[PDB]
Amino acid sequence: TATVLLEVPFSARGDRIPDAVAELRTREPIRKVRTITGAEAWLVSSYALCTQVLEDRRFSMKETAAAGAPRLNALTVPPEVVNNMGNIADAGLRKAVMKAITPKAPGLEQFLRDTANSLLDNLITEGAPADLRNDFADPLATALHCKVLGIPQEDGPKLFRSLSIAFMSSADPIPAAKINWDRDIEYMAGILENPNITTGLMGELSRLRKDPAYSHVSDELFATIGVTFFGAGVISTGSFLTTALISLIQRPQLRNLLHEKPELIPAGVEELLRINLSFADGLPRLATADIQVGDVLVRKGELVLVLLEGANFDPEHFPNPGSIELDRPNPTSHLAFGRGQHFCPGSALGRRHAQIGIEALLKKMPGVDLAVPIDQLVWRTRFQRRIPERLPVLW
Ligand code: HEM
Ligand SMILES: O=C(NCc1ccncc1)c1cn(-c2ccccc2)nc1-c1ccncc1
């Protein structure tokens, strides 16, 4: 019987990779698929071809926003914001933004530890079961990014609640995404006018905004940096930590090893990054030229999707790809933070968030385990991340 073109994404589950991925990688490491909008796209699933695409700027992020382009999903931001980092660089702000979001600031790591330990103490006092997403990982992500941005901790929860819509992966425009975007922009604009905001990213942007060398950088861009970096950082670190905790809980031998030898946690987090399924869709790019990728000539104007778990579970680059092995010779060569022009600017902060969160969890709850059968986790659909709605644990 005739069938329709293969549809992406394959599965919203973040606890297992579908067998189809390895089948595609072996047989058709670049092949045509249909996205949720009805558009056709090239899905790339081998390490070699994923890295080729991400290292060639003629596969353009900014052009994915063009009117009439084949789309992975609907925009939840204004089209100019797709080029956010390019706008930050053109404004002379890239070095200052990067420096502000490093985990190297004095007292930042101790703040993370204190916050993690307080969250865990509250869960222990309340008694099992505990929800490690809603009452540990996501609050830790939110508190971290309020600190990094320099904004009041009490404003975190409301900003966080915008994100279950802001990072939807939808076939159609989302009215609530515009409401939340506009409200979050007003908030960050007020922060830039708030005299008591003098630390972190927003404190630095506030100063530069009044410096004559930035006098024609737009107030809209300054506010956009705050919204985009809070939102991307919080959704990415919260979702990554949550699904890493699942992979750790399902490996009691590894859990016990990292509990016994916490100095191995950075290597453990790097493997947890490699095997992480938090990105629900391939990374989108639009070809600006005719470019050969494997056996396919991609034509100008076509959509390409870079499947991160295709690359990261490729046995030709990571032998025994499904096994967490702390002594690989190429441990940071995974694509969990992307590659090339748009490599994640928060990579160091995301690493340290997960490292400290796990260190604290294993000390407080060394017997941590799922409180429900793993198939009972509820995986969020039509979202740019894969996450369980709740993560119930005991200890
Ligand atoms: C474990 C945590 C994180 C993961 C797994 C992650 C993942 C990624 C990936 C894969 C990309 C590349 C997207 C592409 O090329 O299309 C990216 C870009 C980006 N990330 Fe992260 N990220 C994390 C944490 C953060 C944090 C903490 C921040 C900010 C505080 C952040 C802000 C951004 C921004 C703004 C971009 C866009 C860069 C550009 O367009 O050039 N991310 N991230
Ligand atoms: O969807 C978002 N990014 C993924 C994307 C993928 C392909 N094409 C466009 C965008 C996104 C959503 N928000 C947002 C935040 C608060 C309220 C409403 C929306 N911010 C961003 C964002 C973060 C960092 N850099 C740029 C954009």
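Numbered by the entry's author numbering, the letters in the sequence shown go through residues 2 to 396 in order. Every residue, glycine too, gets a C-beta built ideally from N, C-alpha and C.
Outcome for residue i when other beta-carbon atoms lying within 10 angstroms are tallied against a minimum of 16
| i | result |
| --- | --- |
| residue 211 | exposed |
| residue 316 | exposed |
| residue 337 | buried |
| residue 5 | exposed |
| residue 143 | buried |
| residue 53 | buried |
| residue 21 | exposed |
| residue 379 | exposed |
| residue 116 | buried |
| residue 201 | buried |
| residue 331 | exposed |
| residue 370 | exposed |
| residue 314 | buried |
| residue 134 | buried |
| residue 357 | buried |
| residue 219 | exposed |
| residue 17 | exposed |
| residue 328 | exposed |
| residue 203 | buried |
C-alpha gap between residue i and residue j, whole angstroms
| i | j | result |
| --- | --- | --- |
| residue 215 | residue 231 | 22 Å |
| residue 290 | residue 299 | 8 Å |
| residue 165 | residue 385 | 10 Å |
| residue 145 | residue 181 | 21 Å |
| residue 10 | residue 81 | 26 Å |
| residue 281 | residue 44 | 13 Å |
| residue 272 | residue 322 | 10 Å |
| residue 285 | residue 73 | 7 Å |
| residue 397 | residue 360 | As displayed, the chain neither begins before 2 nor continues past 396, which places residue 397 out of reach and without an answer. |
| residue 137 | residue 119 | 10 Å |
| residue 189 | residue 3 | 52 Å |
| residue 71 | residue 173 | 13 Å |
| residue 56 | residue 305 | 13 Å |
| residue 260 | residue 124 | 19 Å |
Cβ shell of residue i (< 8 Å), same chain only, five flanking positions each side left out
| i | result |
| --- | --- |
| residue 58 | 341 and 342 |
| residue 325 | 248, 252, 255, 269, 272, 273 and 276 |
| residue 387 | 13, 14, 15, 240, 244, 278, 279, 280, 281, 380 and 381 |
| residue 250 | 256, 369, 370, 371 and 394 |
Same chain only: Cβ atoms within 6 Å of residue i, ignoring 5 sequence neighbours per side
| i | result |
| --- | --- |
| residue 391 | 132 |
| residue 362 | none |
Coil, strand or helix - residue i by DSSP
| i | result |
| --- | --- |
| residue 380 | strand |
| residue 37 | coil |
| residue 284 | strand |
| residue 293 | strand |
| residue 139 | helix |
| residue 319 | coil |
| residue 131 | strand |
| residue 31 | strand |
| residue 60 | strand |
| residue 42 | strand |
| residue 393 | strand |
Own chain partners of residue i with C-beta closer than 7 Å, once the 5 adjacent residues on each side are dropped
| i | result |
| --- | --- |
| residue 104 | 110, 349, 350 and 353 |
| residue 130 | 372, 393, 394 and 395 |
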